[PDB]
Each structure stands twice: as C-alpha cells, then as structure tokens.
2 protein chains.
Amino acid sequence: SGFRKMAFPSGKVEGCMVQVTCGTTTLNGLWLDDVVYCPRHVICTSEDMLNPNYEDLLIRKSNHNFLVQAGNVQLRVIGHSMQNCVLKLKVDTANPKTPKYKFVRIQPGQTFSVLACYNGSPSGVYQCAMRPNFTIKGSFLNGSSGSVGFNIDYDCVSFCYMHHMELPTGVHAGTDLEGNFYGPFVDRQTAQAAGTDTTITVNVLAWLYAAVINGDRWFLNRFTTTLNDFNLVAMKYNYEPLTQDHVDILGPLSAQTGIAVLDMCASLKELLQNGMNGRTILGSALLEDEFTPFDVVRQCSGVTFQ
Amino acid sequence: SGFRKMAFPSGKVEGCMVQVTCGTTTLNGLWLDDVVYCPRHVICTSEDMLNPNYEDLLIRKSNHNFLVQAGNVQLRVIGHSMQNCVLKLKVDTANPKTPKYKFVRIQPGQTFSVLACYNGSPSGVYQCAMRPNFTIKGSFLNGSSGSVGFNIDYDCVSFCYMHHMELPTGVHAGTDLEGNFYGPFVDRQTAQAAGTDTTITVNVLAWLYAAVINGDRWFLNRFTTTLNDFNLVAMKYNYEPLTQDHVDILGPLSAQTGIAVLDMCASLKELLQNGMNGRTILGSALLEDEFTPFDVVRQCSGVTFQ
C-alpha cells in the first residue's frame, strides 16, 4: 500500500551519459551506439548567447575542438553535424551499455523521468511532466544542459526530452531528441516568457482513481455531468479540456473501480467549486496532475522493467 | 532553479537485484560479490510466522531449497547463514556488477532512495525519510520484501534499508543490511503497531529555506523567537523538538539566504498558527518534512562569496 511520486529506473540511461567540452563551455551528452547527442549551444559563450549565429560558429569548429569524456576515458570525435538545436557527434567506439531505445515527441500532459547530470556524471532522477504551456517544472542548476528525460516502454528506453534553457519565471524549456524545441522557444538568451500554465485534467482524474484504489472515497458524490457541462466549468479554473479520447484512456481505471468517468468528473467539479476544505487526498492538500493513467497502473500493479 | 523530490541514480543497485524463492515464497535479494542478502522470513510458512524459531527453521533448510535467479539465470546456492533478521545466501558466482558499497544505519529524520522491486526486477525509484517513529511511508505491494534503500556518496553506495513488513496503518518496517530492525518491530506474525509519528522540524525549515532560494517569500515575517519559545509551539502541533545540532546543520542555508535560523522559526511558527491561507509553497499546500538540509543544498547551492 501507499502512493508516491515514482521515477523510472535510471540504470540503462546512466550508462549513456557523457561529458562534452567545447572551448570553455561544458555540458552533458547522450551516448547511443557510436553517436553523442548534446545541445548545439555548447559551441557558444555567454556573450554569444545574446544572438548566436550557429551556422557560422559551427563552420569555425572542427572535430578536434570537441572533447568527449566517457567517465575516465576520452572519446574520439570522428564526425559532427547539426540537426536543429542539437549536435550529433560521431565517435569511433560504440557504447557497450547501449540499450534498446527510441526517440519520441511527447504530447502535453505526458510524464517522464529526468536524469539530472553535471559534468557527464548523473546526480539525481525525478519524475516531472510536460506542461500544457510546453514548459517543465524541473530542477536544474547551471551546467545541466544535455540532461535527458525518458520513459521506459516495456523493454525500451523512450528518450523524449533534452534540457536546454531556463526561462525567466524559473521553469525550463528544451528539445526532443531531434533538436526541436517543445513550444515556441529558441536557444537564444532573450525575453521569451512562458504562457499561463493550466492543469492536466486527465491526470487529475487518474490521480483521483488512485485515491479510490487506496481507500479514499470522501470526494465521490451522487451527482453526474456531461462532457460539455464539465468542460465549461473546469475552463474557468484553468483546466485543460477533457477530450473523448481522454475518457477512453481512463476507461480501465473506471472499470476497475466501478466509477463512471463522468461521475468522477462530477466529483472533480465539486472540488473545483468548493475546494479541499483543508482535507488531503493521497497525502496532498491540492489536486495533483503529474500522474498519467498508465503511471497509476504501473505503481498500483507493481509493473517491473526487465 | 526549481525544486523536486529527487532520488539518487539507481543503476548501481539494479545490477545487484535478484529473485529468491523458498517454498511458495518469492521475494528480492541483494547480490553483492558472492553473497545474497534477503529477509529471513522467506524460509517460513504461514504457520511458522505465528511463533518462529529461526535458528531451528534455517538448520532444516537445504541449499537446493533456495532458488536464486539473476535475471533468468539460476545462481547456485552453496551455503546459508543468518545475521540477525537477514539471511545470507552464499553463491558460487561473484556478481561482476558489484559496486563500491558500505552498510550504514541511518538516524530518524534522514532520507534515502528506495528501489522498489518485484521478482528481482525494478519497478521504480522514489525518495522517503525515516520517520521519527522508525517507519517509512513507502509504496510497497506483496512481493516487495528485499527491496533496499540507499544513498550515493560520489562512487560508493551506502545501503541503509531492507524492506520486510507493512504495519496495520499502511506504513512499512525493515532492517539495515546487518539485519537489525529500525524501531521495536520483529519479523513475527504478532500484534504490532507503529508509535506516534511527529513532523521532522529541521526538514521543514530546510524546505522553507529552499522556498526562499527559489523566490517564495510570502511566509516570512519580522518576528523572531528563541529555541524554547519555538519548541513550545512546535510541541503543540506535533512537531519534533528543534535542537542546537539542528540549528548548526541549517547553518549554510541560513547564510546563503541571510535569514537567521531563529528568524525562520518565527516564520514557521506563524504558518502553524494561521495555516497557509490557501497559498502554496514549492507546489505543496502543506509543510513538507522529507527534505533534509543536505537534500536542499544538493539542489539549491550555487557559489559562496567570501
């Protein structure tokens, strides 16, 4: 019993982390097969970040300007190329610990584990989510660019995020493993600011189903509602729309607990209109939205990754 | 910037997890060199747990009664010995992925990472603290015994917890890796209950400092307080007594923020007497007490000018 914010096992990702040094800038790299991936702003300084011309700055750089360290071992860069906002550094040796992996671009509301790294050495792992405004509420200090976010999909490591920048409000922005920034952010030190962040509705409902599995039933009511009636109320509380596909994804948790998805929406509407009244749900005094439906099934069923 | 419940990388611990089966019971074991450590209650039947004589029960066991599996490969057991409540199974193969490790016994109020496992395979990694009543609020299902808690100091893994039981209130009890239980619990199916649990005051203060570092300041005040006068209020709200040892530990955090330790106690005092008034601190609507000062400095320390 019990319910906790839980990250994925980081073992297969630790064996892929690498240090990449360029001139006077140092960050982290992802070593998969014979290719190292890292943010492209490693070739620039703090002065260049105000408006960097990445094309002309990479023309000046050569293969010997890229120092890649795999722990206490130096790697030999034999090729380099830029794809959007990341660099692909071809090395002469394949990582022996290379796991079965994919590159995926996640939708807003999806959760993942972040292996925060510094100088190519992992120091921590935590579970966060891609916010609706395409930011993440991570924990990163200076020098953590190149850290990766990932899911474990059955037998495969699903890389979905690489950390790049910190925004003025304290949140973070980054790219997928193809160099494309999530949202309208760029790798330039400017005045870009995140929009208003909303609550991931389908995750709150999955979290409420987790509370029912673990014994909490005080928020259930004898009310009921439709999708439009619920969406119109949650809209004024900055909640994301609940699609008909989201109702289908919550199907398994609705059938296991015997509570209709629309009945659970009626419960959430009361909590939005009346609050928690100082009460707690699964050890939290507010509504948690960083648990996807499958995240609930993994913890409650003890899903293991071999 | 930002603050997250962050666990240590679990790669060095995953490579030590194995599956131990005796009779109809299956749980997890720790594979270090040529020894497998696991809870000794794996050798008991349901009738034995009522009043077990572990000395008498282990002598009756043969080596082939234990089936140890590293992945899908059987580990040949060649001997068994008992140290307190931990069974030590000698195997014929030394674990080639054994990391630098030590066995440590933590104090109440400290934190560690838990690698929750089932059938020798990891399910997830999360953080928790040793409650003042010598329990942990984990997320454990049937089959999770043998999962270990741990910290990492650079390259060395300090094992500090092995899971054994769940108490009637839903919290969990276990031992260090030498087999000594935390608290007055025993590995016998008898009537047991967790003591009165208090809030770890020094951890809440460390968490309030983390909020100051990240920009939150609404809870501060001009007031000050002494050690005695604060402990008068802390005792009234089921908080652990703050001591000079705790004050000295919060030293670096007090200097980094310029807020004296006793000044932050006057802010925590006001929060306990008035509540949070509906506002949040670092994403929580209640006071968090499972972040040690070390955990805060680990995520929030920059550079100290002297």
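Heavy atoms only: backbone and side chains are in, while hydrogens, waters and symmetry mates are out. Per chain, numbering begins at 1; letters A, B, ... match sequence-line order.
Contact record, A/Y126 with B/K5: CB-O, 3.5 Å, taken as the closest heavy-atom pair.
Of residues 144-172 of chain A, those residues lying under 4.5 Å from chain B by any heavy-atom pair are A/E166, A/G170, A/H172. Within residues 280-303 of chain A, the residues that have a heavy atom under 4.5 Å from a heavy atom of chain B are A/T280, A/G283, A/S284, A/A285, A/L286, A/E290, A/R298, A/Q299, A/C300, A/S301, A/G302, A/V303, listed by number.
Enclosure of atom CZ in B/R279 by more than 12 non-hydrogen atoms of other residues, nucleotides or ligands within 6.0 angstrom is indicated. For CG of A/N142, the number of neighbouring non-hydrogen atoms (other residues, nucleotides, ligands) closer than 6.0 Å is 12 at most. Surrounding CG of A/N277 are more than 12 heavy atoms belonging to other residues, nucleotides or ligands, all under 6.0 Å away.
Although no hydrogens or angles enter the test, the distance criterion places no donor-acceptor pair under 3.5 Å between the side chain of A/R4 and the main chain of B/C128. Judged by distance alone, the side chain of A/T304 and the main-chain N or O of B/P122 form no donor-acceptor pair under 3.5 Å.
Within the 4.5 angstrom heavy-atom criterion, only backbone atoms of A/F8 (N, CA, C, O) approach chain B. B/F3 touches chain A through its backbone: at least one of N, CA, C or O sits under 4.5 Å from a heavy atom, while the side chain does not.
Annotation: maximal heavy-atom pairing with chain A below 4.5 Å, among B/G15, B/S113, B/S121, occurs at B/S121. Per-residue counts of heavy-atom pairs under 4.5 Å with chain B were compared for A/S123, A/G138, A/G215; the largest is that of A/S123. Listed options A/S1, A/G275, A/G124, A/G11 were ranked by heavy-atom pairs under 4.5 angstrom with chain B; first place goes to A/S1.
Taking the side chain as every heavy atom from C-beta outward, B/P9 and A/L115 approach each other to under 4.5 Å.
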